[PDB]
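Here the structure comes first, spelled out in structure tokens, and everything after it is commentary.
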Amino acid sequence: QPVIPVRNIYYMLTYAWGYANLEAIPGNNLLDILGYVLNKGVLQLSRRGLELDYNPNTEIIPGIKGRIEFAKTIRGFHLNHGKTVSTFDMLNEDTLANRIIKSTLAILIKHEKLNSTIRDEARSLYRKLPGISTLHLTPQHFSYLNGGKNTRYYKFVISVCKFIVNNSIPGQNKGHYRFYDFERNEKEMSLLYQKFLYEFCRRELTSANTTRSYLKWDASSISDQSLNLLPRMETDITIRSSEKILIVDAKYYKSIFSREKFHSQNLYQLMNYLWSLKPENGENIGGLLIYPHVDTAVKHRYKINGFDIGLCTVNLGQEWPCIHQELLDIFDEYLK
Amino acid sequence: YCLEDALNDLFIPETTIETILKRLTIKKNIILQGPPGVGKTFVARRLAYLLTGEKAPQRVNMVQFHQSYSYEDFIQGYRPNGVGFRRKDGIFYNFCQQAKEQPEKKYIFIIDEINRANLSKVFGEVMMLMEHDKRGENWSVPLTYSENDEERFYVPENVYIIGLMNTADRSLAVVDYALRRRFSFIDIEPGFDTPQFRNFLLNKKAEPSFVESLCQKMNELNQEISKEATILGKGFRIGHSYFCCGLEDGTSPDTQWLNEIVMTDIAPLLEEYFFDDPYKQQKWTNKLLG
Amino acid sequence: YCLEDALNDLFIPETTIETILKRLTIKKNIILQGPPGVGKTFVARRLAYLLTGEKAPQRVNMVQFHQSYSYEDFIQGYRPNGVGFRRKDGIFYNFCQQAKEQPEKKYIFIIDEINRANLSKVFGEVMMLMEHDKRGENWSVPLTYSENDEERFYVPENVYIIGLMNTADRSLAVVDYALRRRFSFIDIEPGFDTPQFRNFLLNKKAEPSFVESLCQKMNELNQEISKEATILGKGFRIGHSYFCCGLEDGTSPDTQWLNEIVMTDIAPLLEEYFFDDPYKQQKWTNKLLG
Amino acid sequence: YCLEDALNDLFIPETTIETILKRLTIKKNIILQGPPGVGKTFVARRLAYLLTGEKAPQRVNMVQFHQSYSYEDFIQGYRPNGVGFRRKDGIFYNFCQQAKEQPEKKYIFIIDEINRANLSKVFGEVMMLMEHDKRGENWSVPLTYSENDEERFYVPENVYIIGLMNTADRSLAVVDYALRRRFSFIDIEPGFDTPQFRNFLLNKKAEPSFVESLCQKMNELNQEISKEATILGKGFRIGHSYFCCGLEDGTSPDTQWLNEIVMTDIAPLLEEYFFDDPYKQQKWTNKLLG
Amino acid sequence: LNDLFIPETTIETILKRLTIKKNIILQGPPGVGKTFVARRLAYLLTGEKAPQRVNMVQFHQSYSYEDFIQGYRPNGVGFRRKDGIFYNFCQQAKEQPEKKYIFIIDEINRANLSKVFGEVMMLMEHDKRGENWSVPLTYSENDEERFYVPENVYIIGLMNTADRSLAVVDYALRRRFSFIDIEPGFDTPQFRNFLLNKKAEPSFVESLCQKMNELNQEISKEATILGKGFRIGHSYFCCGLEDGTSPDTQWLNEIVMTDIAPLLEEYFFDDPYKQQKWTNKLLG
Amino acid sequence: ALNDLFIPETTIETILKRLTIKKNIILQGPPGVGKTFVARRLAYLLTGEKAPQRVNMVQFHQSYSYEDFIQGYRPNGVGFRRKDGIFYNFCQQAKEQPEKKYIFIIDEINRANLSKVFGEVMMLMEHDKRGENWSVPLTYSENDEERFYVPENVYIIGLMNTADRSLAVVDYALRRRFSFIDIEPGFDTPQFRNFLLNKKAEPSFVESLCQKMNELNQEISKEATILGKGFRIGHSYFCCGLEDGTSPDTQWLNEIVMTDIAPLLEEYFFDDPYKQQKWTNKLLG
Ligand SMILES: Nc1nc2c(ncn2[C@@H]2O[C@H](COP(=O)(O)OP(=O)(O)NP(=O)(O)O)[C@@H](O)[C@H]2O)c(=O)[nH]1
Ligand SMILES: Nc1nc2c(ncn2[C@@H]2O[C@H](COP(=O)(O)OP(=O)(O)NP(=O)(O)O)[C@@H](O)[C@H]2O)c(=O)[nH]1
Ligand SMILES: Nc1nc2c(ncn2[C@@H]2O[C@H](COP(=O)(O)OP(=O)(O)NP(=O)(O)O)[C@@H](O)[C@H]2O)c(=O)[nH]1
Ligand SMILES: Nc1nc2c(ncn2[C@@H]2O[C@H](COP(=O)(O)OP(=O)(O)O)[C@@H](O)[C@H]2O)c(=O)[nH]1
Ligand SMILES: Nc1nc2c(ncn2[C@@H]2O[C@H](COP(=O)(O)OP(=O)(O)O)[C@@H](O)[C@H]2O)c(=O)[nH]1
Ligand SMILES: [Mg+2]
Ligand SMILES: [Mg+2]
Ligand SMILES: [Mg+2]
């Protein structure tokens with residue numbers, strides 16, 4: 001049952017979310033890492049100042065505040081008991097974004113398997129935010145916040161809040177929670193990998209242009225021009241440069257972690273992407289298969305059907321900088 | 001008031017309008033629930049003349065709800081004079097009184113954008129009377145502002161209530177409790193994949209292949225939106241009324257006419273929808289232009 | 001008045017201007033969405049004289065929505081008189097009555113920064129009536145604060161409405177999808193690329209190299225701005241208004257003037273725009289000066 | 001009034017002041033952004049008399065914004081005279097009427113802590129009007145509470161607006177970028193390492209070594225603060241006012257005097273700026289004293 | 001200066017700081033005599049025990065600018081503009097310039113201090129006091145009528161350090177206020193001398209300080225969660241012994257279970273064992 | 001009354017020890033504890049004279065406001081007049097009688113916002129600041145001629161309940177000014193058993209049932225987070241229905257098991273009916 005050290009995933013999640021010292025914490029497991037980011041992350045915000053959104057308030061008060069609503073006043077006859085219905089803007093920190101932080105912290109404490117200090121420190125924070133009201137979180141709450149009015153820093157911790165709630169399962173007790181075994185499932189780990197690269201390549205490969213490209217089948221059918229039944233095909237990433245184009249397909253498989261047979265079923269998808277894609281520039285066409293391995297990294301090249309294709313691996317579990325060096329080394333070879 | 005004049009132009013299947021008329025005679029409190037641009041407001045004006053069987057304005061009344069709408073204006077309330085406060089019979093009160101005179105003749109009250117105001121704030125006491133079973137003088141009640149208990153108001157059985165609600169907003173996930181019990185919801189489809197919508201297009205000098213190509217896209221695009229539930233539900237999907245408009249001149253449908261519609265209405269709407277994924281906007285916009 | 005007079009100084013292409021009148025005359029309600037500094041307020045007063053065909057202010061009305069506009073302000077509301085309250089006809093209601101005095105000559109109502117206010121609250125009844133189809137006596141409606149004697153308020157056909165919603169503040173964006181179908185949205189570009197922008201500068205003693213250098217750098221920046229959508233979307237890209245004004249005295253444009261602009265206005269804007277790393281700020285700031 | 005009267009006691013360089021007066025004559029709206037304690041309030045009354053050139057306080061109005069401030073108070077709104085309410089022309093409206101009487105003489109409005117109040121809500125109609133090229137009767141606008149379209153309010157050309165906004169709080173920032181365009185943003189620094197600040201200290205019988213040591217100390221500290229722009233930008237850095245006042249008695253600035261103020265004021269500040277690091281607090285606190 | 005349990009140096013620091021700066025915040029945990037110091041201190045600064053000059057108020061989250069300075073509120077006939085206390089209070093000192101008038105604000109941390117003060121958040125500074133810096137208020141009908149802080153007025157702020165709110169941090173207000181910490185002062189003889197002048201046992205007093213300080217040190221151990229601001233105050237011991245009940249361990253045992261245990265629970269929340277330990281440690 | 005009360009006599013003695021000195025107190029316990037009946041007898045106990053006039057009781061709710069509590073403007077036949085509230089009228093009545101202790105009971109205090117209701121007076125009720133010296137002009141007191149001050153004689157008891165898990169940590173305002181006491185249900189006490197043997201109850205029926213609920217009360221409180229010590233069932237359901245004229249019996253309990261404890265048990269757990277059925281079955285026999 002071999003897996004990646006948990007700390008390294010957080011780096012990939014960071015690029016996945018598109019935006020610190022982790023050596024200090026002694027808990028290797030993820031929630032210890034993830035909570036310490038948040039627990040420190042909240043405190044980092046408070047230094048600068050948390051978001052305060054003017055919420056208009058229409059209420060019945062004994063006097064003039066802001067703009068009086070003449071209609072609701074006369075209709076309810078509130079003048080007679082010395083009151084008016086007036087609209088004014090109380091400034092609160094009770095916004096959806098901040099409510100989510102507080103509700104997330106409640107979930108974090110309730111998790112049964114967690115560092116005690118992490119749980120101790122967070123309980124302070126829950127008390128330190130009296131005005132904010134607890135909420136029962138759903139993805140629909142996060143859906144409303146896709147507008148992204150908030151600052152760039154807020155979006156990072158909220159992304160963490162999205163990860164925690166979805167990857168939280170009740171355990172021994174009804175109240176308490178237990179963390180999901182994220183590493184074991186390939187699909188979510190794989191979907192992380194594909195998104196990890198797409199945002200990563202934009203950062204480092206300033207030389208090349210990095211875009212996801214939709215592809216269209218060359219087919220025509222007398223039955224339907226739509227071709228809906230045909231598989232929808234959208235590249236994982238395309239990283240185009242003037243001298244050479246390159247398509248990459250990346251996936252996480254358990255079989256490859258064992259140093260035997262090889263799982264390369266994804267390759268079957270790849271040629272059709274090369275085929276359906278036709279470049280106006282006509283500089284070259286290349287493909288790459290990249291997978292995660294634990295122990296070591298090996299690079300091969302192939303000349304299959306007039307295409308220059310590479311199968312390669314990365315030794316996750318080594319260290320983040322050499323991994324960062326290794327990736328830049330990787331794309332340097334093929335992007336030429 | 002012949003059905004042929006009313007229902008031919010309409011894009012909706014004759015199946016659904018029949019069911020609409022069934023429950024409306026039965027329960028008399030009905031809600032048409034659909035996204036904007038499917039003719040919810042359009043059908044409702046015609047349906048009133050269908051049921052009455054004649055074109056008469058007096059027997060049918062129309063209003064749109066909004067936050068300022070209140071009990072005091074809708075039903076009964078006091079309006080200031082130069083100084084004094086005079087009670088005023090409201091619309092719904094005034095409308096029923098006309099309906100009271102003629103119980104046999106069907107009377108219709110049309111309420112657009114009903115979710116914007118809470119029904120309790122406007123209707124209030126009348127939600128007891130409004131229900132289909134608790135109608136008639138047997139259930140008569142004296143009003144909040146009635147000078148004496150003797151004066152009473154009962155919803156005559158003849159009136160039928162239609163409410164037009166759009167499933168386009170995040171707030172409506174918490175549908176008002178009053179609507180669900182007292183009104184009977186009906187869902188209105190966008191209705192692109194219909195012969196009459198196409199037959200309308202073909203009649204205005206339109207190529208069938210260009211029309212049928214369009215229908216595949218709209219049916220395809222709405223499927224993508226409807227698949228989502230978190231951000232955009234099935235109720236958010238595009239209506240069929242962007243395409244109806246603009247043909248009074250006689251200008252034939254084409255990619256030129258279509259391109260104006262997509263760029264000026266549907267493209268920025270998609271920017272608001274698919275904010276998180278800009279490329280998804282490009283993915284569909286280029287698809288639609290083709 | 002004619003198109004040649006208005007379009008002398010405008011930096012926007014003719015293409016959109018025809019697109020506006022094409023969409024306007026069929027649909028009668030439009031929105032121009034763009035970042036600040038692209039002449040949204042500037043074009044709007046010019047357009048009104050085109051449709052009327054004459055330079056008349058009477059047929060035009062101009063307002064701004066300030067997040068405190070109300071149905072009492074726009075349409076119908078109650079105001080204190082000396083001792084007691086009275087009902088006051090709002091501004092739009094006041095405008096339409098003049099507009100229906102003559103259907104022949106077109107009347108325009110212009111709303112700057114319309115996106116701010118909760119438009120469902122302001123319009124209320126009007127949200128349905130604004131549409132091109134639902135105009136005239138056929139769709140007459142009685143208002144909330146209308147007298148018990150039936151008196152109805154309908155949008156005249158001659159009226160055309162224009163709104164000017166900036167696209168920078170994301171929160172203040174139209175999410176009333178029912179309302180967003182009433183209007184047609186016209187994206188407006190920054191206006192750098194056009195020669196009509198360039199000729200204005202060359203006419204005002206500008207070097208073509210310095211001019212061509214200026215547009216080259218801005219277009220690079222707006223692409224970097226346009227690339228992101230997480231925080232800074234396509235809409236945030238910088239307008240041309242900064243460069244337009246202040247040269248009337250005879251101050252010729254040079255790197256001194258441009259450097260004053262960069263340090264004083266844009267560079268504060270950039271650090272607020274990015275607020276993640278100064279190096280990106282230091283990069284683009286030096287680029288403009290170079 | 002004269003220029004040299006101000007510059008005697010002013011720590012800011014003249015170059016920024018020249019930049020200030022050049023922009024302000026052009027743009028007519030500005031915002032001064034820096035940490036607290038650098039004389040934003042100090043300069044603002046001084047600068048007004050420079051721009052007018054005459055020491056007239058009648059023509060200057062100075063206000064401090066806050067959360068409970070609105071368009072009703074600022075511009076126009078309905079307020080109680082007594083038994084009967086009246087429309088009360090706000091402070092800014094009254095100020096503009098005074099300036100209209102004397103177009104030649106410049107009239108100045110100074111807003112302290114502008115960033116707090118919801119400026120979009122407060123200015124509203126003014127948000128468009130204030131622009132330097134849109135002032136005058138041509139752009140006169142009817143207000144929310146105006147009886148008719150004919151009653152219209154226009155900013156005079158003479159008016160100059162000055163904004164004071166601290167950068168210590170990132171929660172409260174003028175993120176409304178359209179509003180950001182109207183104001184030309186002028187950064188201000190604490191200006192420790194200046195002759196004029198030191199000459200004031202030396203005038204107060206101060207050691208040149210202690211003075212030059214003092215300036216060197218903070219300059220390093222501010223740069224350390226500016227480094228961690230993610231955590232603390234340059235806007236958070238320490239102002240000079242802690243050191244300025246308190247010597248009115250004639251007390252010479254010995255090291256003991258510095259040791260007293262640091263312990264009482266700056267010491268807890270560093271604890272808050274560095275909540276996580278106790279050692280870092282000890283480092284810089286001890287560094288100044290030793 | 002006799003029954004006060006806080007050092008003469010701190011008050012000596014305060015009086016010079018207050019006289020110079022004119023605004024201060026006395027921040028410390030509950031039960032350290034923040035109120036008694038300020039009430040005593042104002043009488044020192046005036047030099048006479050005159051209560052009309054001194055007015056005290058206790059802020060709370062719902063307090064507003066409407067209440068403090070100006071506001072529209074109803075008379076019998078109708079609504080009018082009602083001058084809040086501080087406007088009324090500053091007028092009182094404005095009537096008599098010579099004497100020093102004092103204004104005390106308790107539970108200051110709870111409210112949005114910016115919101116209430118508003119206009120005076122600039123004016124309160126010692127240099128900008130006078131007609132020159134006067135400003136028209138929010139609700140002022142005309143610009144001509146203005147409000148200016150007088151020079152004689154001094155403000156003292158009393159703040160609970162055990163309920164930090166990570167909602168709004170204002171470092172500009174911190175410029176206005178000169179912050180002074182207050183320690184509980186168990187070690188001080190003046191607190192002990194009061195009790196030894198109440199027929200306490202010498203060992204009973206000395207062992208008590210050892211007991212409380214060890215608890216105080218533990219609270220200050222973890223700076224992030226808790227600090228010197230949270231640690232226990234002394235004032236619980238002052239009251240309840242002036243009836244005539246001389247000190248004894250039984251008397252302390254009442255206070256520990258009566259008063260301190262919820263505080264311990266609040267601080268050492270979801271950790272009963274620590275409560276049982278530190279509760280029981282004191283009793284022995 | 002002392003023997004009639006089911007709670008420890010020491011707790012009864014303990015409360016007056018606190019209240020006399022502190023002058024402000026709050027009782028937090030499960031519903032069905034007789035918190036109202038406790039305070040009333042205790043209020044009479046401190047006076048010693050069993051006078052209802054001295055004692056006044058109020059039940060709070062979120063709408064409850066400063067105008068209802070203290071002072072506010074109410075419409076006349078025409079216009080409006082200042083209308084003195086409960087606490088304002090109450091204290092001035094006690095102001096006449098300084099020696100006489102007067103009591104004020106605030107039920108369901110945690111529901112409403114203390115700040116909104118009390119306002120100014122929230123400091124004046126703290127025992128240190130009492131009497132004429134700490135006079136404050138009221139919000140609606142237009143003149144400065146008259147000020148409102150609470151005299152020392154006043155004692156304030158607050159009845160709060162730990163029933164609901166929805167309640168988060170209590171408002172900070174309360175904690176400072178109030179002394180919190182936890183009240184046990186009181187099954188074990190002889191005083192409750194002596195109230196059943198006086199009604200000719202079987203000692204086995206008495207001993208079993210006390211063992212029966214106490215066994216439940218331990219398990220409901222065994223849960224750390226969701227159902228705490230504050231949740232556990234009180235004795236009030238057992239009192240009402242025995243001295244009316246109907247003697248104790250297992251069927252009398254059986255009705256009571258169905259009446260309150262069975263639905264209440266669903267509310268607390270609300271997850272497993274079998275767990276409820278087990279406990280409901282266990283109660284019956
Ligand atoms: N000819 C024709 N026009 C239709 C049909 N369906 C809708 N329309 C047109 O679509 C336009 C708007 O219809 P409408 O009822 O207002 O949609 P709505 O549901 O009321 N919109 P909203 O939900 O935003 O209030 C009108 O021109 C209407 O006549 C149809 O079946 N045939
Ligand atoms: N001469 C000239 N000036 C232009 C042109 N376009 C914009 N401007 C100028 O840019 C300035 C602002 O234009 P404006 O219409 O107010 O832009 P806006 O979108 O309404 N501003 P905002 O979004 O901030 O409300 C004015 O000086 C305007 O005349 C143009 O094409 N020619
Ligand atoms: N003597 C003298 N004092 C100065 C000078 N510059 C600033 N100060 C002093 O610094 C203090 C504050 O001035 P102020 O404008 O209010 O600073 P601020 O940045 O506006 N503070 P805040 O933002 O908190 O309101 C006053 O003591 C002021 O006199 C100066 O050049 N000379
Ligand atoms: N003699 C004397 N009494 C004190 C001292 N400190 C506090 N007290 C008394 O303790 C009681 C309560 O003080 P209080 O202000 O409520 O505590 P705080 O507000 O939290 O500081 C009053 O009688 C105070 O005077 C002190 O240092 N000396
Ligand atoms: N006679 C008597 N009745 C008690 C005693 N304790 C509680 N009760 C009774 O229980 C009832 C009040 O219970 P209570 O918990 O206050 O009701 P709640 O407020 O709705 O929770 C009344 O019948 C009280 O008299 C007691 O010790 N003696
Ligand atoms: Mg409609
Ligand atoms: Mg504009
Ligand atoms: Mg200042």
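By order of appearance in the structure tokens: chains A, B, ..., then residues from 1 within every chain, and ligands from 1 in the order shown.
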
Contacts of range 27-36 of chain B at 9 Å (only C-alpha atoms; same-chain gap of 6+ positions) as JSON, numbers by chain: {"B": [20, 44, 130, 131, 132, 133, 157, 158, 159, 160, 161, 162, 163, 164, 165, 166, 167, 168, 179, 182, 183, 184, 185, 186, 187, 188, 189, 190, 234, 235, 236, 237, 238, 239, 240, 241], "C": [177, 178, 179, 181]}

Restricting it to N, CA and C atoms, dump the selection as a CSV table (one decimal), in the first residue's frame.
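File part-v2.csv, as written:
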chain,number,residue,atom,x,y,z
B,20,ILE,N,-53.1,22.0,-18.0
B,20,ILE,CA,-53.1,23.3,-17.3
B,20,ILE,C,-54.6,23.7,-17.1
B,44,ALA,N,-50.6,33.1,-20.3
B,44,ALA,CA,-51.5,33.4,-19.2
B,44,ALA,C,-52.6,34.4,-19.7
B,130,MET,N,-58.1,31.9,0.2
B,130,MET,CA,-57.7,31.7,-1.2
B,130,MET,C,-57.7,30.2,-1.6
B,131,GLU,N,-57.6,29.3,-0.6
B,131,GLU,CA,-57.5,27.9,-1.0
B,131,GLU,C,-58.8,27.4,-1.6
B,132,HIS,N,-58.7,26.4,-2.4
B,132,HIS,CA,-59.9,26.0,-3.2
B,132,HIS,C,-61.0,25.5,-2.4
B,133,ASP,N,-60.7,24.7,-1.3
B,133,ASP,CA,-61.7,24.1,-0.5
B,133,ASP,C,-62.4,25.2,0.3
B,157,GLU,N,-66.1,31.3,-5.4
B,157,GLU,CA,-65.5,30.1,-6.0
B,157,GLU,C,-65.1,30.3,-7.4
B,158,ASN,N,-65.7,31.3,-8.1
B,158,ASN,CA,-65.5,31.5,-9.5
B,158,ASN,C,-64.1,31.9,-9.8
B,159,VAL,N,-63.4,32.7,-9.0
B,159,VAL,CA,-62.1,33.3,-9.3
B,159,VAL,C,-61.1,32.2,-9.4
B,160,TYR,N,-60.2,32.2,-10.4
B,160,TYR,CA,-59.0,31.3,-10.5
B,160,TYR,C,-57.8,32.2,-10.4
B,161,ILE,N,-56.7,31.7,-9.8
B,161,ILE,CA,-55.5,32.5,-9.5
B,161,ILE,C,-54.4,31.8,-10.3
B,162,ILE,N,-53.6,32.6,-11.0
B,162,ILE,CA,-52.5,32.2,-11.8
B,162,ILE,C,-51.3,33.0,-11.3
B,163,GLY,N,-50.2,32.3,-11.0
B,163,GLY,CA,-49.0,32.9,-10.6
B,163,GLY,C,-47.7,32.5,-11.4
B,164,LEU,N,-47.0,33.5,-11.9
B,164,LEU,CA,-45.9,33.4,-12.8
B,164,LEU,C,-44.6,33.6,-12.0
B,165,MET,N,-43.9,32.5,-11.9
B,165,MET,CA,-42.6,32.4,-11.1
B,165,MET,C,-41.5,31.9,-12.0
B,166,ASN,N,-40.3,32.6,-11.9
B,166,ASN,CA,-39.2,32.2,-12.7
B,166,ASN,C,-38.1,31.6,-11.8
B,167,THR,N,-37.7,30.4,-12.3
B,167,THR,CA,-36.6,29.6,-11.6
B,167,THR,C,-35.3,30.0,-12.1
B,168,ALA,N,-34.9,31.3,-11.9
B,168,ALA,CA,-33.7,31.9,-12.4
B,168,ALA,C,-32.8,32.4,-11.3
B,179,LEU,N,-46.6,29.0,-1.2
B,179,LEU,CA,-46.9,28.7,-2.6
B,179,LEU,C,-47.1,27.2,-2.8
B,182,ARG,N,-50.7,25.9,-1.4
B,182,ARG,CA,-51.9,26.5,-1.9
B,182,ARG,C,-52.0,26.6,-3.4
B,183,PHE,N,-50.8,26.6,-4.1
B,183,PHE,CA,-50.8,26.6,-5.5
B,183,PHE,C,-50.3,25.3,-6.0
B,184,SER,N,-50.7,24.9,-7.3
B,184,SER,CA,-50.3,23.7,-7.9
B,184,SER,C,-49.3,24.1,-9.0
B,185,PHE,N,-48.0,23.7,-8.8
B,185,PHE,CA,-47.0,24.0,-9.8
B,185,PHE,C,-47.1,23.3,-11.1
B,186,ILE,N,-46.8,23.9,-12.2
B,186,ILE,CA,-46.6,23.3,-13.5
B,186,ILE,C,-45.3,23.8,-14.0
B,187,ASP,N,-44.5,22.9,-14.6
B,187,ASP,CA,-43.2,23.3,-15.2
B,187,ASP,C,-43.4,23.5,-16.7
B,188,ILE,N,-42.9,24.6,-17.2
B,188,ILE,CA,-42.9,25.0,-18.6
B,188,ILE,C,-41.5,24.7,-19.1
B,189,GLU,N,-41.5,23.9,-20.2
B,189,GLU,CA,-40.3,23.6,-20.8
B,189,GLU,C,-39.8,24.7,-21.7
B,190,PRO,N,-38.5,24.8,-22.0
B,190,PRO,CA,-38.1,25.9,-23.0
B,190,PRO,C,-38.7,25.6,-24.4
B,234,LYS,N,-31.9,22.9,-13.7
B,234,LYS,CA,-32.7,22.7,-14.9
B,234,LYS,C,-33.5,24.0,-15.1
B,235,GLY,N,-34.0,24.6,-14.1
B,235,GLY,CA,-34.9,25.8,-14.2
B,235,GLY,C,-34.2,27.0,-14.7
B,236,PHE,N,-32.8,27.1,-14.7
B,236,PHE,CA,-32.1,28.2,-15.2
B,236,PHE,C,-32.0,28.2,-16.7
B,237,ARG,N,-32.3,27.1,-17.4
B,237,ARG,CA,-32.0,27.0,-18.8
B,237,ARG,C,-32.7,28.0,-19.7
B,238,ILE,N,-32.1,28.2,-20.9
B,238,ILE,CA,-32.5,29.3,-21.8
B,238,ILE,C,-33.9,29.1,-22.3
B,239,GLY,N,-34.7,30.2,-22.4
B,239,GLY,CA,-36.0,30.1,-23.0
B,239,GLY,C,-36.0,30.3,-24.5
B,240,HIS,N,-37.1,30.3,-25.1
B,240,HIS,CA,-37.3,30.3,-26.6
B,240,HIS,C,-37.6,31.6,-27.2
B,241,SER,N,-37.5,32.7,-26.4
B,241,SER,CA,-38.0,34.0,-26.9
B,241,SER,C,-37.0,34.9,-27.4
C,177,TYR,N,-31.9,37.2,-14.0
C,177,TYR,CA,-31.9,36.7,-15.3
C,177,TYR,C,-33.2,36.9,-16.0
C,178,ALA,N,-34.3,37.0,-15.3
C,178,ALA,CA,-35.6,37.4,-15.9
C,178,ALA,C,-35.5,38.8,-16.4
C,179,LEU,N,-34.7,39.7,-15.7
C,179,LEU,CA,-34.6,41.1,-16.2
C,179,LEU,C,-33.5,41.2,-17.3
C,181,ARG,N,-33.1,39.4,-19.7
C,181,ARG,CA,-33.7,39.1,-21.0
C,181,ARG,C,-34.4,40.3,-21.6

What lies within 9 Å of residue 86 in chain C using only C-alpha atoms, ignoring chain neighbours under 2 positions off, as a PDB file with C-alpha atoms, in the first residue's frame?
ATOM      1  CA  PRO B  80     -53.663  59.440   3.526  1.00  0.00           C
ATOM      2  CA  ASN B  81     -55.927  62.265   2.480  1.00  0.00           C
ATOM      3  CA  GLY B  82     -54.620  65.820   2.821  1.00  0.00           C
ATOM      4  CA  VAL B  83     -54.501  64.946   6.524  1.00  0.00           C
TER       5      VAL B  83
ATOM      6  CA  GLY C  77     -44.475  57.326  -3.961  1.00  0.00           C
ATOM      7  CA  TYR C  78     -45.715  59.274  -0.972  1.00  0.00           C
ATOM      8  CA  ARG C  79     -44.095  62.572   0.010  1.00  0.00           C
ATOM      9  CA  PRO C  80     -44.725  64.933   2.937  1.00  0.00           C
ATOM     10  CA  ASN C  81     -46.702  68.014   2.085  1.00  0.00           C
ATOM     11  CA  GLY C  84     -49.766  65.804   5.682  1.00  0.00           C
ATOM     12  CA  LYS C  88     -46.265  62.040  -5.835  1.00  0.00           C
TER      13      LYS C  88
END

Environment of ligand 6 within 7 Å, counting only C-alpha atoms and all ligand atoms, reported as an NGL selection string: (:B and (36 or 40-41 or 112)) or (:C and (128))

Selected residues written out with N, CA, C and O atoms, as a compact mmCIF listing (two decimals), in the first residue's frame:
# COMPACT_ATOMS: atom_id res chain seq x y z
N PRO B 36 -37.13 32.50 -17.74
CA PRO B 36 -37.63 33.61 -18.56
C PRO B 36 -37.49 33.34 -20.04
O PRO B 36 -36.50 32.76 -20.50
N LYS B 40 -44.45 32.40 -20.47
CA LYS B 40 -45.30 32.27 -19.29
C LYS B 40 -46.30 33.41 -19.23
O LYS B 40 -47.51 33.19 -19.05
N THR B 41 -45.82 34.64 -19.38
CA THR B 41 -46.71 35.78 -19.42
C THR B 41 -47.58 35.75 -20.67
O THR B 41 -48.72 36.21 -20.65
N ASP B 112 -47.82 38.25 -11.75
CA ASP B 112 -46.48 38.02 -12.26
C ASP B 112 -45.42 38.30 -11.19
O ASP B 112 -45.61 39.15 -10.31
N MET C 128 -42.02 44.11 -16.52
CA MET C 128 -42.68 43.46 -17.65
C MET C 128 -42.95 44.45 -18.77
O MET C 128 -42.70 44.16 -19.95

Contact residues around residue 248 in chain E with only C-alpha atoms at 10 Å, ignoring same-chain residues under 2 positions, as a PyMOL selection string: chain E and resi 199-201+204-205+245-246+250-253
